[PDB]
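**Student:** Take this structure, written in structure tokens, and hold onto it; I'll ask about it next.
Protein chains in written order, with PDB author numbering: chain X, 1 to 52; chain Y, 53 to 104.
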């Protein structure tokens, strides 16, 4: 169809939402999940260290 | 039960230090009374020889 400058406008909102999520959301949740994994991995690891 | 493992690891090594103590104390006493019997015998066989 007839293209429109909106193709230029939309890119800005896209890159802004990327800039925001990239820092305000992702590392937060990355930690929030990695911490839950590590707390179980270390539990079973230390328990094996005890049995040995 | 990590610390149940710690508990057993404390206990059995305590018990080793105890049993391997009394074994050697007991064998030392056996050696003491054997070297006692040695004198009780040697000084009694002398009487036999002088009576002879």
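Every residue gets a Cβ at the ideal spot worked out from N, C-alpha and C, and that includes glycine.
How about residue 102 of chain Y: is its Cβ closer than 6 Å to a heavy atom in the ligand MN?
**Tutor:** Ligands displayed in this structure: none; no statement on the ligand MN is therefore possible.
**Student:** Please identify, using Cβ separations under 8 Å, the residues of the region 62-85 of chain Y that lie next to chain X, in order along the chain.
**Tutor:** So the list is empty, because no residue satisfies the distance condition.
**Student:** Just checking: is the beta-carbon of residue 45 of chain X within a distance shorter than 7 Å of some beta-carbon in chain Y?
**Tutor:** For this step, residue 45 of chain X is matched to residue 45 along the first chain. No, because no Cβ of chain Y sits closer than 7 Å to the Cβ of residue 45 of chain X.
**Student:** Helix or strand or just coil, what does DSSP make of residue 30 of chain X?
**Tutor:** Residue 30 of chain X sits at position 30 when you count from the first residue of the first chain. Here residue 30 of chain X sits in helix by DSSP.
**Student:** If the cut is a Cβ gap below 9 Å, which residues of chain Y does residue 41 of chain X touch?
**Tutor:** Translated into the one-based positions of the first chain, residue 41 of chain X becomes position 41. Per Cβ cutoff of 9 Å: no residues; residue 41 of chain X is ~15 Å from chain Y at best.
**Student:** Do residue 54 of chain Y and residue 50 of chain X come within 7 Å of each other at the CB atom, strictly closer than that value?
**Tutor:** Locating residue 50 of chain X in the first chain gives position 50, where the first residue counts as 1. Locating residue 54 of chain Y in the second chain gives position 2, where the first residue counts as 1. A contact, by the Cβ cut-off of 7 Å.
**Student:** Note down, in chain order, every chain Y residue with its Cβ under 7 Å from the Cβ of residue 32 of chain X.
**Tutor:** As a working mapping, residue 32 of chain X is identified with position 32 in the first chain. The premise fails here: residue 32 of chain X is roughly 26 Å from chain Y at the closest Cβ pair, so nothing lies under 7 Å.
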